[PDB]
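Below is one structure, written out as structure tokens, with a few remarks after it.
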């Protein structure tokens, strides 16, 4: 139908916007601490602690499969990256501090994205 195509254009546009957001967020992680899944070889007990692991590479896979239907779903996954890290790692670690900085600096970007998704209507 014509409607289904219009819908898919919207989703494709959302994906385009979310790809830009993802790049801006990952730029706030120059150490690349959150670039890849936590290694279950190097951290064999990780899944005993963290029940829903997340990372930028995994988000990007979902993104390019157009797997985020709205900004809220995308934000949930971004929040998982941060929250997982702040639980597994102690306050005085480079990992925890990196998550705090990513959350603080990322909020600016996400505040803008929400306004754009609303205004453009995606």
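In PDB author numbering, the protein residues as written are 22 to 143. Even for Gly, the Cβ is constructed at its ideal location relative to N, Cα and C.
The distance from the Cβ of residue 55 to that of residue 76 is about 6 Å, consistent with a contact at the 8 Å cut-off.
Considering only 85, 134, 74 and 118, the residue with the shortest C-alpha distance to residue 102 is 74. As the crow flies, the alpha-carbon of residue 24 is around 49 Å from that of residue 115. Relative to residue 105, the option among 120, 113, 82 and 89 whose CA is nearest is 120. Secondary structure in the segment 82-113: no beta strand (DSSP E) run of 3 residues or longer lies completely within the stretch. Sorting 27, 85, 47 and 29 by C-alpha distance to the C-alpha of residue 131 places 47 at the top.
Its Cα nearest to that of residue 135, the residue 92 stands out among 110, 87 and 92. Counting along the chain, the unbroken alpha helix (DSSP H) around residue 25 starts and ends at 23-47.
In the displayed model, residue 134 falls within a helix according to three-state DSSP.
In this structure the segment 77-86 lies against the segment 27-46, because at least three pairs of beta carbons, one per stretch, are closer than 8 Å. Spatial neighbours of residue 108 in its own chain (CB-CB distance under 8 Å, excluding positions within 5 residues in sequence) are listed in chain order as 70 and 71.
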